[PDB]
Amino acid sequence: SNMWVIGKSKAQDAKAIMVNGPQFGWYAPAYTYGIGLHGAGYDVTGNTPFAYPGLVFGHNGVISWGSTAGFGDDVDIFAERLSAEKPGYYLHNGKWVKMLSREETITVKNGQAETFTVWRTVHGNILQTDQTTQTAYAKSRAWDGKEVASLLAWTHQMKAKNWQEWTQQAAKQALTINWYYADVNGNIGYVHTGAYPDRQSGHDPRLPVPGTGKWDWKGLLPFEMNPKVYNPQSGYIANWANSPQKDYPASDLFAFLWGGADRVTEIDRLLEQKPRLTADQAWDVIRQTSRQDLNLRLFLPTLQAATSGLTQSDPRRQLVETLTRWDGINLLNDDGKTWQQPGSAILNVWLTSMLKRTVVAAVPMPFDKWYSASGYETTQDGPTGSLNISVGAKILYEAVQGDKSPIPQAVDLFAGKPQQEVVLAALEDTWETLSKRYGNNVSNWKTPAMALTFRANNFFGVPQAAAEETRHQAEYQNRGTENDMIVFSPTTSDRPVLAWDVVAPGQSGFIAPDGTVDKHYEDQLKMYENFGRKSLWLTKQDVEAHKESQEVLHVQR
């Protein structure tokens, strides 16, 4: 998920611009829901996932807000101490304590129901039990007990009219989420919100802690610790699921890292390119980043260094010159199905070969397969979410940085060989693999482009529509599922705020009994594909001037 907020000192013809691209995967009907709420203290417009009461993406005419996934480590596992003599108990602060439990029966259409039990300790629900070591693992969330407060904070924040009223609500949102603020005066801000545990000294957050008592969290850290910034000196706030702040630790997921190779750098390059950005240039960042191969920038230098002494006819060398001449931006050919340049397939095969020879080889099976992905893996329906630099490629980027990297290379991933030799051997494999598939004439290689699919199964894998409602787009775009932009104090308009969005396939998912789909069932699908967007109205006069229908209800509670 990405976001870029451009403050007063970086914006052109406006005092601030917020562009958000939350990435949850692509679905039919739309993952988010467009809604405007006016009365009872609210005056807001935007769209929000699953039509939550609180809009995640929107504005109120004074301020605007948005989110990206936090990925802080707000979860730890406690290894509970069990005893075969006292089934259903665990040891905590010197006493055998009774587990809480509940029975659940799964009813099954045309099948037999199944009943099972869910157990929970003072540290959270039990995930799994090892009866062989009399150990139960309980999953402890720092936000446990605050989920409803979090929904409410995301709703009450829509009434804030300044940074202080908004951070008072940011402070009550307990999940791990990056929230962003922009306002009519051109102030911009960011808070890595959430509840984070105050851990005992000695507690390594990437691994389980004893659940017997001495390793219990001391409580939660205060809001003062949450990473946050208001009107940064750079003039901008950019995020693409990258670290919030120097020395802040990422989620403990083994496949997730914040390191020198980060795709957020592609946003930085675009914002720093020109002194200031207009709203059209800021919106144009979506198009560019959505087509940007993320490995080119990282590995092109190492590839240019390894091939720089080679003759012109060496194919290892000609693969790298083809990359050198490219800006990493993928564009479809006229067939609607292959990319104009072969660079991503070259980087994918090279990288896959490099990981196999380096990180994969240093890690014992079966854990080696966690570091073998190149980051280009997809189905013929196309990527199910955003594309990122893989975990193994981020680790290989440290190694190929040598002593520019702050991470001690405890194991030489190149195992005693010169890095150049390993790079060149991977290049030899790439030439062989690709020239076998497409011929020896690189310039006519028409490599397959990734495609995009608005799936009829929601993100859980569960049908939320019939399978024929799936929608298909030729061009995979590494962008938000929805995109929204808010402009504050534009110099080209008298309105304090202008705002746009795109919710595809459409606002409505309704299909009548006879199969007649709604008029708003698919009228934002082409707009989505072409980087278009539609106006979001806030004021009564704008709404009424763009009115299509209306209903008045008379209801008594």
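Start at 1 and count along the sequence shown; that's the residue number.
K.L.:
On mean Cα temperature factor in this entry, is 46-54 or 517-525 the higher one?
P.N.:
Comparing 46-54 with 517-525, the higher mean C-alpha B-factor belongs to 517-525.
K.L.:
Taking the recorded C-alpha temperature factors, which stretch has the higher mean, 185-193 or 354-362?
P.N.:
The stretch with the larger mean CA B-factor is 354-362.
K.L.:
Take the CA temperature factors straight from the PDB entry and tell me which of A466, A255, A170, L207 peaks.
P.N.:
Of the candidates given, the C-alpha B-factor peaks at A466.
K.L.:
Report the option among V19, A545, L536, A14 whose CA atom has the maximum B-factor in the deposited record.
P.N.:
Among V19, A545, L536, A14, the highest C-alpha B-factor in the entry belongs to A545.
K.L.:
Using the B-factors in the PDB entry, rank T133's C-alpha atom against the chain and give the third, lowest, middle or highest.
P.N.:
Highest third.
K.L.:
Sorting by Cα B-factor within the chain, modelled residues only, which third would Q541 end up in: lowest, middle or highest?
P.N.:
Its C-alpha B-factor, which the entry lists for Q541, ranks in the middle third among residues of this chain.
K.L.:
Quick one: classify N441 as lowest, middle or highest third of the chain based on its Cα B-factor.
P.N.:
Tercile = highest for this residue's CA B-factor.
K.L.:
Which third of the chain does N60 land in by C-alpha B-factor: lowest, middle or highest?
P.N.:
Middle third.
K.L.:
Quick one: classify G41 as lowest, middle or highest third of the chain based on its Cα B-factor.
P.N.:
Ranked within chain, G41 CA B lands in the middle tercile.
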